[PDB]
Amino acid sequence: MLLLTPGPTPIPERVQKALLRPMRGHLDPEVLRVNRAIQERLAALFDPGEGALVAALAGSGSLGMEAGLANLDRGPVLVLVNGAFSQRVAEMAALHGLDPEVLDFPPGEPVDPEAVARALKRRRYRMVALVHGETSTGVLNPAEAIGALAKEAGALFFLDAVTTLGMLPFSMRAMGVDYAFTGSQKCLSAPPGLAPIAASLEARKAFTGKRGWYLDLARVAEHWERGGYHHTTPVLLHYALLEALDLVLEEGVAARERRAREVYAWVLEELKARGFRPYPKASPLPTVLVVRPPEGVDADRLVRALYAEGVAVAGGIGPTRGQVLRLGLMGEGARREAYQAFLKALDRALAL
């Protein structure tokens, strides 16, 4: 089964093999050494600024997402929404009593900075939340521009970097980001189960809220910065993530973005040639190709047919439910050989 979902992603042999290394206690000096290395690799990708907390939470990307909200002292929080995942940020913010104010944008369209600027003049916010790449719509939001607006407004800047960190240019310092996160199984192409996160010194100063034990970033810091015991970590996944992070830096984000954009263009033309139409109206996310099926072809039925042909892709989600196919172009998903197989399988499905 060829894995072309927009997360999880195919895992490099070198990475999956690291899972075979001898198991060790989570406080074993070697594991601690591995952990400091992970922080170094993550710091290079995140570019969090001095005094930041860098770690890999023991859970999925969603855990990373929730940690940056549940640890916040107070709201309100301006949540910029234009997809299923930014909608999840809003749901979490509401749950933790952070008094979120949702600013909606049409699914398939990027968040407009000018609209955000107007909203930031309406009320004072403790934090502004945005999803860099909305996986549910295949839209890339203008994170840098919004970060600048957030800094001017004196608000912390929360940014979901799942579809961008490890594949497209990214810098917390440059974009004025205070909290960034991702999952191990996205652009990093590592086994799922970990959530790399980064909190700027300013975020840490504000992260005094106590609403959860497992996601308490102060407890996480004790382990990642001082080698103390928080809870047992998924050691084998740590080995794998470090291996995956090295693969990323070895290739370079610049080259990885080119590999994604290159495949994105080719596949889109092949699909348009078969009657497919892109979903994003503007600012398409290069790491996730979202397309509407040819006339008369049901999206979900096509997803099932593809599976029968040996290929796994995602159907719509949230605002795009049952209306599209979402193809992964992050990590090992962005490969010529992989999509040539996809197209062959796709044609077999369309033939029926």
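Note that residue numbering begins at 1 and tracks the sequence as displayed.
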- Message: Comparing average C-alpha B factors as deposited, tell me which of 11-19 and 339-347 sits higher.
- Response: 339-347
- Out of 105-113 and 120-128, which stretch has the higher average CA B-factor listed in the record? 120-128
- Item | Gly166, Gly138, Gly228, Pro192, ranked by C-alpha B-factor: the highest one | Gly228
- Member of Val235, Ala145, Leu80, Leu201 with the greatest C-alpha B factor (per the PDB record): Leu201
- Among modelled residues of the same chain, the CA temperature factor third for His26: middle
- Message: Considering every modelled residue of the chain and its Cα B-factor in the PDB entry, is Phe207 in the lowest, middle or highest third?
- Response: highest
- Sorting the chain's CA B-factors, does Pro284 end up in the lowest, middle or highest third? middle
- Note on the structure: The third of the chain into which the C-alpha temperature factor of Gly61 falls is the lowest
- Task: Classify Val303 as lowest, middle or highest third according to the C-alpha B-factor given in the PDB entry, relative to its own chain.
- Result: highest
